[PDB]
Structure formats: C-alpha cells, structure tokens
Amino acid sequence: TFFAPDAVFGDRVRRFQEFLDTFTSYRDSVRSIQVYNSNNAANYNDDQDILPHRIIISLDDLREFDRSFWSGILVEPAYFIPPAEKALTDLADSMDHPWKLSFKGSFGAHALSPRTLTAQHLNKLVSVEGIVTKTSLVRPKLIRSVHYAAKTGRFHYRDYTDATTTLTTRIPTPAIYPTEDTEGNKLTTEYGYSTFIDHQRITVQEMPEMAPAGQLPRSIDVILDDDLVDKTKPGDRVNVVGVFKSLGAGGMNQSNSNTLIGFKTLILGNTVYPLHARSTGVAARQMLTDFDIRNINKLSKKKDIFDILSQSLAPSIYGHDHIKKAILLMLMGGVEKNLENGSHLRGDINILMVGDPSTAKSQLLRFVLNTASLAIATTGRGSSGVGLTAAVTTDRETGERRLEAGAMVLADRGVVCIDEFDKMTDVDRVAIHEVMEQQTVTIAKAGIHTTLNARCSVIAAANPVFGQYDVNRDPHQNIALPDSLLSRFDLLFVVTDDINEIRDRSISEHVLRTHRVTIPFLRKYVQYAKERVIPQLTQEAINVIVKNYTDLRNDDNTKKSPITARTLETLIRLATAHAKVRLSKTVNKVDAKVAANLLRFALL
Amino acid sequence: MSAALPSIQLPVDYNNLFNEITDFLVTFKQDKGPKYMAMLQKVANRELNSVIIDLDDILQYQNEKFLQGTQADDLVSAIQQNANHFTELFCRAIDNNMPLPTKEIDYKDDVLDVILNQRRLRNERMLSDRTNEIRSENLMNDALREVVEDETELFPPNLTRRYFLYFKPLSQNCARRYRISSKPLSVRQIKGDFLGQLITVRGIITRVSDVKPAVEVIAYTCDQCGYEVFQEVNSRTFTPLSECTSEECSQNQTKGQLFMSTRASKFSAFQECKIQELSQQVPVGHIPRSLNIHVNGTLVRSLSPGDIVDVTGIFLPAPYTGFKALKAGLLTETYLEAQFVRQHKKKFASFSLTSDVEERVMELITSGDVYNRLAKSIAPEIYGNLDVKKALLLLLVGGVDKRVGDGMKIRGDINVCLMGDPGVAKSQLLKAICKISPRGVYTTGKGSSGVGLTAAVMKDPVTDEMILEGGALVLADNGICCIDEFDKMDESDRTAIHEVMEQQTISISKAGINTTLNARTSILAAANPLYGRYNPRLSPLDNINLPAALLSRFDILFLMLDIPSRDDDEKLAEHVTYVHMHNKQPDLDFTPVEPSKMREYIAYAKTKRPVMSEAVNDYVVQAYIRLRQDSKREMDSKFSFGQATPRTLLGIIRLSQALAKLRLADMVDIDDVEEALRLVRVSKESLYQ
DNA sequence: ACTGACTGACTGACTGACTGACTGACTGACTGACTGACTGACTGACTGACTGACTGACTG
DNA sequence: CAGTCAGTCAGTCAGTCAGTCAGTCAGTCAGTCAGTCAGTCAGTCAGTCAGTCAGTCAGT
Ligand SMILES: Nc1ncnc2c1ncn2[C@@H]1O[C@H](COP(=O)(O)OP(=O)(O)O)[C@@H](O)[C@H]1O
Ligand SMILES: Nc1ncnc2c1ncn2[C@@H]1O[C@H](COP(=O)(O)OP(=O)(O)O)[C@@H](O)[C@H]1O
C-alpha cells in the first residue's frame, strides 16, 4: 500500500474502466502499438545474431457518456487524470509504465489566446495557440541512481522527485546524493544503469495575425516532457493543450519580502500539435482514404488529363494555357539525381514572367501561393537576410553565436514567389546567383563558417524597362538585367497586350458572369503524384531531344539568343515531370513531344 | 543496511570478469610470442606512452573459447554497456605482471622517470624495514606478510603509473564476419538514453582551443612531521588546506603548517573543442547543433579545425544548470569524452610507411601512362577541356619552395584564373578540386566580409584569453582556396588577395592588432567577363574588369569560349543523356581512379625535390629570348597580350619543376620543359575562332 | 492443682517531616537576515566610417 | 543627343562605454527559545503510643 487509497479512487477507476470497455476502438489501438513493438523486438533479437505510449482520446464521446466526468475534467483536472491513467495501465498490463493520455478536442469554450489568459482560469484545463519563441536547449534530468559498493558487492538504489511531477502536491523530502553508507564504505557510482529522462521548455507569444493594432505582446511559458522533446522549431504555429499550474511560495515565507508578487505560472504538458499556417510549416498531413486513391486510379488512365488539369488552375482567368501547363510542371518538379562521389544535379524548374501591366501577373502568384505547400512571398526588400541568416544572436547562457534562418533556408522543398524582380539591387542578386544553381548558402560572417542547404524553386514577375514596349523596338533589353540572370531562368514567358474585338467579347462575358477539377481534390492528386513513384528515362526519348537540340542550336543560334547546355538539362527535366503526371514508370516519346512544344512556344 | 538505501541484484558479476580479463591479458598468440608482453615490455622499456586495447581481439577470443569449450562469459557487451568502470578494473588487472628490469636507466632520459623510480625504491625499503623489525620479536609466513602489509602507509598504485589507456571500437567488418558498438550517429540522434555507453559521431570540428595543464593530485610537504599529504581533485574548483592530516602531526598539541610544491604533483594536458553537425544529415528545415568534447592525454594535438572526423568516445554527465531561476533539479548538461580519433581525408605528410602502400601505388605505376590517366580522373563527370584538368593536376602537386640562405623565400606555388561564361561548367571543377585536396576552403563572392577572411579577435571561454580567431584564409593554408565571382569583391578584399600574392603576409593595423600572420595558400579564381560575352569587336581587358597587374600576378591565365559548333553537340548529348540514363560516364576503355588511392599517389609524390641541369639552362634561356622577343614587337591593345613579364619565366621554371615530380625521377629533361611551353602557348591564345 | 492478678511482648493505629513530580517568568544564545554594499560580466544605446546608389554635369 | 564620371547623401556596419542585473557576503542585532529555578502539592514512610493477649507467678 502506498497510502491504501480511498474508495473514491476506486469509483473513478471503475467508472472510467466501464467507459473504456464501452467503445472498443481504443483496445484495438493499444493492440496495434503492442504488436508493433513486439515484432520490432523480434527483428532486433532474431536477425542480428520505439513508438511512445499514449492513446489519443477524443472529447466527443464523454459528452454522450457522462456529464459528471465531462464537466469534472474541465474544472479540476488534478482529481480526474491520475485515476484514468491508472485504469489504462491496468488494461494494458492485463491484456499482455506510464501510458499517458491526449485529450484531443473540441474544448468547451477554453479556446483562448494568451492575451486573455490570466487569472480566474487558473488550475483548469486550457487550450492555447500562438507563435513559438524562444526555444531553449535540451537537457537530461536524473531520476534513479545506482551505486556499486566496495567491497561487499551489493548494488544500491535511491529515488528522486520534483515539483513538475504528476499533477497533485506532495510533502517534499529532499535527499542527499548518497556516499558512504552505514557501515562506512566507499560508494563508487555508476552510469548506464541509472535512468535519465529529457526536459525542455518553450515560450509562447500571441499571434500577429490576431493581435491588436499596435501594443506590446504578452507571453507565457510551457514545460515539456519525455516524449515531446523537439517537435517545433522556433517560428512555427502551435496549439498547446495543458494544465495551468501555479507553483512556488510567493514571498509570504520570509518577512520584508522582495519580488513583490510571487506565484509564477506555467503550463504542464501535454499535447503540442503543430498546425498549418498561410506561409510557414508543412501541410502534407492531408488524409488519403482508399476511396480517394481508388478515384485517382479511376481518373489516372485517361488520355486528356493533362488538358483537364491544364484548365483547372484557371476558374476565373481567360486564356494563357501554356502558363498553366508550366505551373503544373513546376509543382511536380522533376526528379533529383544525386551522383556517387560527386555533386548532385538540380531537379526543379524556374519560371520568369514579364509583360505589360494589368495582365493578371500578380493575381496568378497568389493562386500558386494558395494551392501549393510551403509558399513564401518576398516583395521588394529583401535586405538584410533573405538568402542568409544575419547571425544576430546574443545567447544569454554563454557567449555563443547561433543562426536565425531567413526566407531562403526556411522554404526548403518549396516555392518562393518574388514580386517586382527588377527593383532588387545587385548585392542581393549575388545571393540569387548563389542559390539558383549552387543550391547551397555559405555564411562565414564573424562567426562560424558553415554550409547549410536550401533547394527552393523561384517564380518572379518583372516589369519592362520603359513603357509597355514589349515588341516595339527589339527583345534586346526590353528587360535589361544581363546576362547570367537571363540564363539561370529556364523559361521566359513574354506577355503582350494585343487589341481586338473578339478578344474584347470573350473577356467581356467572362468578367461579367464571374461576379455571380475541384482544388481540394487536386492537391490530394498532387501529393500522391509526388511521393510515388520516381520514373526512369528510357531509350525511346534520347533521339528526339538530341535532334531537337541540334536543331535549336543550328537555327535558334541564327534567330535569337542565348542557348547553353542548361536548355538540354531543362528538356530532360520537363520530360521527367510530364512522365510523372500520367502516373507511369517509364518515359515515352509523347513526353518529348509535349516538352518540345512548350519550349518552342516559350522561346519563339 | 536494510530499510534505508536498499539493495538490488542484477545479472552483472565483477568476479569472474576479472579472472577472464587476466586470462585474455596473458594468453593471446595471434598477433614472435604473445601480443601484449611485447607491447607492455615496450612500455616498461620507457619508449611508449599509450596502450590501445581494441574490441576485436576480445571478440575473436570469445569465438575461439566458444568453439574450444567451455562457455565464455559475455564480456564485449559488458564493456559496451558500462565502459567507465573497466578502465580502472582493466588497469589494475595490468599492474600485477610487468616485465620490469629489461633496460637500465639512461642518464639523460627525463624527470618523470626518475621521480617514479625513487618512489618505487623508497616504497620497497619502507616495506622491508618493518619486517626487519617485527620478525626479530618472536613470538606459513603468509600471516606475517598480512601483519606487515596493514601497518605501513604506502604510495598507492594510482600514482606510480607513467602511462594512459585507450579503447578502440569495432568495425563493421568484424561484426559482419561473425554475424553495433560503432554505428555512425548524428548529433540529432543522440537521445538522452545513451549516457554511459560507448558511441561514435561524425561532424566538422570548429573552435579548437589551446593546450594548458590541469591538475590531478596536489602534493604538500609538512616540514615538521616530514610527511607528504596528497589530495585528489575531481571538481572544477578546489580549495587549499591547513594544518596537517597525518598520523604524527595529528594527536599532538603543536600542529605543523603545510605548503605546496610543483615537482611532485601529477599533471595532464587538456583541450576542448566542438563538433558541429555535418549539414548533410539534417532534416528539411533545421539548423546544425553542437556538442562539446574534452580531450585528455596522448590524443592531444590531433584535432585540426575545419575537418571531417569520426570521434569515438564515452558519454558522461557534468553538473551545471543555467540561470538559478530555471532549475528544477537535477539537470545535468552532458559532454563527450574522447577515446580514439579517425579522420577522413588523411593529411599529408603525416605518413611514413611504404611497404604495403606500393601494392596499390605500383599498380598505377605499372598501369602505363599515369599522367594522362590522372588528368582524366579529376572530375570525370563533365566533357571536354582536357587542358584545364591537365593544368589543375599541376596545381594540386605544386612545389618546390627554395631558401637561398639570405633568407628570402621563393614560391613554390601556382596561381590559376578561369575566364569565360556561362555554360562551360566551371563551378563543378571548383567543388571538385576543393573536394579532392585536404584542407580546401570554398568561399563565394559576397559572401564573406573583409573581417570574415582575415582574422578577428574575440574573448575566449573557459581557457583564457584573447586568442585570434582565424578566418577563411588562415584556416586553409598549405592548401587550395577556391573563390567564386572575383569581380564582385569589395576593394579591401582585393588588397588582401594582392597581399597573399606576395608570400606569407597579411598585415593588420586595426584597433587591437599589430600582428603579421602567416598564409602559405594557393589561390584559384573564377572571374566572369563584361556583359554579355565575348565580343571580338571589343578588345581584351575591355571585357575584363581587372587590371593587368593582377593579370601579371597570375602566371597562368585561361579563357573558356562558347561558340556553337556542329560536331561536338552529338558527343555532348550522348555524354549527358548517357548519364541521366545511368550514374557512370566512361566506357571503352577506361575506369576512373578512386579518389582515396589518388590522394595516396599525389601525397606520395611530394617528397622528391628534383634538381635541374645545364642543357635545360640553354633551352629555357633561348625560349625566354623567343617569348621576350616577339611579345614586344606588337605593343598594342589588340588580341595580343603584352608584355610577357619575367614572372612567366619564373612560372615556367616552376611548372617544369612541378612536372618533373610526377615522373618521380629527379630527372629534369627536355620533354618536361617542352610540355611546359606547350601549356603556355596553348594556355592563352584560344580566342582566335 | 487450678485460677486470678500481674506482666512483657506483639501488633495496630496515629503523627508529621521528608520526598518526588510540575509548570510559569528571565535571560543568554544563537541563529536568521538584512543591511554593509561589492563585484563582475553583460547588455544596450551612441557614434563614426565606409560603401553603395542617385543624379548633376561633363564630354564624345 | 546619349553615355559616363565624379560628387554626394544614405543606410548599414563595427567600435564605444555606462547602466544593469545576478550572485555572494559578513557583522550585527534582535527575536525567540530553552534552560533555570522556585514554589506547590500530594503521597509516603518512619517514629510513637495504646490496647490486647499469652506467659508466669502466687493464692486458695
Ligand atoms: N485575362 C484576364 N482575365 C481576368 N482578369 C484579368 C485578366 N487580366 C487581368 N485581369 C485583372 O487584372 C487584375 C490584376 O492586375 P495584375 O496584372 O495582376 O497586376 P500587376 O500588373 O500590377 O502585377 C485582376 O484584378 C484581374 O481582375
Ligand atoms: N561539358 C559539360 N559536361 C557536363 N555538363 C556541362 C558541360 N558544360 C556545361 N555543363 C552544365 O552547365 C552548368 C554550368 O553551371 P556551373 O558550372 O554550376 O556554374 P557556371 O554557370 O558559372 O559555370 C553545369 O550545371 C553543367 O550541368
């Protein structure tokens, strides 16, 4: 007997036992965790000769099970969480350790931002969201010691506790780190058998998209635990569900007190979820039921789907099919081939638009900013620290210099949507030269010489030099950002403003009826097209791009400028991407025809 | 005692493991006689300081004993689980048996030897005096030994040691042959549940500090009683002590007073550094972390900054927490002890052996036509430009410096520019040759500041104080410093580079520095022409944004044209598409040399120092009369480049001396200097088409 | 030879001075605590130097 | 009439030093606390006397 607990604790354990045996999915989840760790242990104990312990409980069911247990948890959680955890360890031990819970909700009008937190909400269960800054370092915490004795040869043992334990209180008893037992003998300690459990604390500010007009922000701080270390990098957007504990003696202990108001507050646990934002953080968690992949397989084998998905990104924009084809070929992105003992070769596609004003060149990039995943938009400026980190760190614990990522490091595997590309000064264009082929960013400022990684994809939309004169004088510097910047870009779409009468009609009823295939299927098509499967190139497609490339040199070197081997490499990239679209494995002549036609319309 | 600080039993025994470790220490025959009597006799003969106890001989001993009968107690996993107790247990297993007298002491040997000799001899005479006293007071002889051995205070055997002891982890090869202790981990992977084991990391060393002595035991004298009161120090800070703690100045009225001395303590070198994450093993959106390393003993001075290393050591705690208001008890803040250091990219010229090496080198020598094969081998995955690869092999060889007794020094080194734009694949060569050569640093245009690639001054944590933290150029000396986009550099950086063009020198007169640091580097540059590209209407140096003085400091200058031509395009297309189709280019009939064996060849080649002769004097002189003669009859700003400075003469003797080393001959001949004049006249003057 | 008269010895009740426990003020002592600031690194605003972009004005 | 060169402001970067905040400390002084003691009070035990009974002697 610990303290031979009361029949109240028996009442809570029996009732929650009845609920957990009422709905029977959770038993199957426990069975899945237990079998998976079992067979992993069989692989690690049989050939050569991980998953945590928590069950996600939703608060849907308890509202239709018991009002008492429902409104019991959301008011006083230090009386209702340790019984339910005790019964769940009873079930998991009986079917074949902590076994914590989650409480995914649906929360009870406790959806509050940390502006309105304190203080009559104290010691309840509260859900908080916001930005994460300024995440500290990971340190291990000690729980159990083990000592070897000399010379009698008996191990020993000791426990340790704290105030950030299970959620009740306890009359504290400190305990010296032992040495020289009775009778007097040296106790040489040991490691490897003495346990350790990790520990980390992060602080949370309220959202800037939700904040007031201009005021100072106000923030709280969260302690994490064993299986929650290192989920959220600083800069994310994070939902936290926990218990708003208030520990410490607030200066009422000793008289003539300083630290005028004590009772410092924090949040324990419990279930940090990262969530999707508009501009930072992955959204690849989107579900794929078997109905959905069965429908993808149903539409997967047609012969017009490139012309269906061409006209899918334009629900309300007239014309410009070939731009849409280029944007889908960007979102598929090609394949990445890293060599053995050399340098890798680049996979994606880079697109520049240029043309007259009022041509929906800025309306398009917001649409690519919505449908894709990890889009980051930079307009104008810029300096300092888009392509770099600027290294401004003043770490308080010790003299050390960290890095704070800009816009180029953070958008990895993503899309960067730059507007007004001519307004950039050349000093940042040095950094764009460093990104767009070298695929690395070397920073050796004060400092620490590093070489991190960033392999983004770039879309820009620049204005002409003077007027709308896109065809009048010559193509030779209507753009005027020479010359390597013209060569790094794959495609150069040149958009004009022709005047007609039929074009005025077709624009007219489109714009008029707009004031009065579907995309959340289309991105589920996209990610399944991306992870499976990479194609290989075959013999049927070499000679088309070889003959086509010698054609483009021997004649387009008589028409226009410039042509490098980078054109050949982008031919291979668009061939691979159009092979990815049809969910195939090999490469056909059809792909070389389509990419050939796109490069014809792009250049000529 | 029960009921407070209780007990636990575990399967681990420390009884038969000591006996088995004795049996392993004596009887191991595999590598004249046994293995450890030879090395341990070599230790007691005072010509050696460390002992490498691997983890392969133990495992082979367990399979041997497992097949002989009887069953052998599992010991390798017992080392891998705990790995801290076994240095002391193993080392007091060594000390029972040692082949002592094998050589008399030299007079001029050392001071640590003679101190440990007097401690040993005094210990013997003290132990014999008491049995010369009690034995004459009577009243098999094991009992009298047990009497004398417990009424006499002695120097404990923790202090008369003279050596150190280092483990060594097991390969994948030995674990593959018979079927973990060394899986190469990353710094993100080290969970807080490995504290005590024996692990292996990899990363780039940054900020390695100085070597300064740290104390282990401190030796006082008592001046009245005559004792020597020791004291061990485990912590960071210690405190001195007072009157006495002997058995004679205690239990008396008049205690003495003690004060320390430094020729009787025991010191140990000490040096700490940091491992940063390798930046290839990172997730998609993260930043490299770090993790400290202490280094004790013989292993010091083997951690050069800016490398790629495989440190294997054990992983302990060391008590601290940060601000006082953030502590929850009993947060611990880990580090990594070092045991054995293995580098990738092994550094010349830290090698001596030749016998086994010729089994690989003489295959390349007996392969026939070594030179054009190696010229093919550097970055094979591009097409064309055999002459550029041809010159850059001569960059990697280099040599040979010369002191003329004044002493003014000459170089000794080659400096190469690259010109032309954009699709001649010049960045691939810079990443390539700044990956073959050890100690090679690749910095872009902007990029580093002026203070980034010169040194700066910053305060140093724990070891003190005020060390000059190096920049890019001080990091990569006796190496190759690749540079991208040379035109966009700030003008202060230009004068820094011009100061590197004169040898050894960067001079600083900023706010806290008056120094003249050293740099023996080699510079490869890559400048772009004026926009857009290559107008033969435009003159040379019109399309170049650099003065001809800087053109004169480069002894070898190139230019890579870009002219559309019908015949090469099919070979280029079949080349590139042949690798996107596969992952290896060459065929019919050639294999690429692996880069490790190539670095063994070039690392072998730099120990020759060839010597010129008298016929090459005539030929070099007359060729210089040719170049000097026709170079100054034009005098124009045309496609000609005036005026063929004598830096070309020193550079062409230096290229001859570089080509002579790859024959490995000290046989400077006419094919040498003829080859050099070929690379000079073909080097430039490619802008005719 | 027995019985009453007297007598010492024992035995029970009375008398009081000792004996053992109990618990309120007085003061040294002894330890918190805070006042005595002191120290020391670190952080945050001030200020000049420099290098880049803009524009007049000069020249082909 | 258009390119260019040089002058010129502007933004940004590195050096500068005065506040600032956290950690330690010794002396003293005061606040309480415990050991001192003294007076109270009931219990208890040894001295002392009176009564009563058995022994013994003398009278009839
Ligand atoms: N082809 C088109 N179809 C429909 N709307 C168009 C079309 N072209 C331009 N627009 C209109 O032009 C506006 C966007 O202007 P835009 O060209 O994107 O800005 P900017 O040229 O300044 O970048 C949108 O409001 C859109 O209604
Ligand atoms: N002969 C060649 N063989 C293979 N690839 C080539 C060749 N010539 C050009 N290329 C391609 O041209 C590109 C040149 O770009 P890079 O060398 O990175 O910088 P820069 O454009 O400054 O030379 C390379 O990516 C390479 O793929």
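Numbering of chain A is taken from Swiss-Prot, so the residues present carry the numbers 13-61, 91-137, 151-570, 651-738, in order.
According to its header, the structure was obtained by electron microscopy, 3.9 Å.
Using the three backbone atoms N, Cα and C, a Cβ is placed for every residue, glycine included.
Record features (Swiss-Prot):
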type	residues	note
BINDING	A:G409, A:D410, A:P411, A:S412, A:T413, A:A414, A:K415, A:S416	ATP binding site
DOMAIN	A:359-566	domain 'MCM'
MOTIF	A:541-544	motif 'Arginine finger'
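Counting every protein chain shown, the Cβ of A:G409 (ATP binding site) has 20 other Cβ atoms within 10 Å. Around the Cβ of A:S412 (ATP binding site), the same chain contributes A:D551, each under 8 angstroms and 6 or more positions distant in sequence.
Neighbouring residues of the recorded ATP site, listed in sequence order and excluding A:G409, A:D410, A:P411, A:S412, A:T413, A:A414, A:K415, A:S416, comprise A:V549 (Cβ within 8 Å of the Cβ centroid). Secondary structure of the motif 'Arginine finger' (A:541-544), assigned with DSSP and counted as helix (H, G, I), strand (E, B) and coil, comes to 2 helix, 0 strand, 2 coil. Checking the binding-site residues A:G409, A:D410, A:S416 against ligand 1, the ones whose Cβ sits under 6 Å from it are A:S416. The Cβ of A:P411 (ATP binding site) has 10 neighbouring Cβ atoms from other residues within 10 Å, across all protein chains displayed. Other Cβ atoms within 10 Å of the Cβ of A:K415 (ATP binding site) number 19 in total over all chains.
Counting every protein chain shown, 16 other Cβ atoms lie within 10 Å of the Cβ of A:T413 (ATP binding site).
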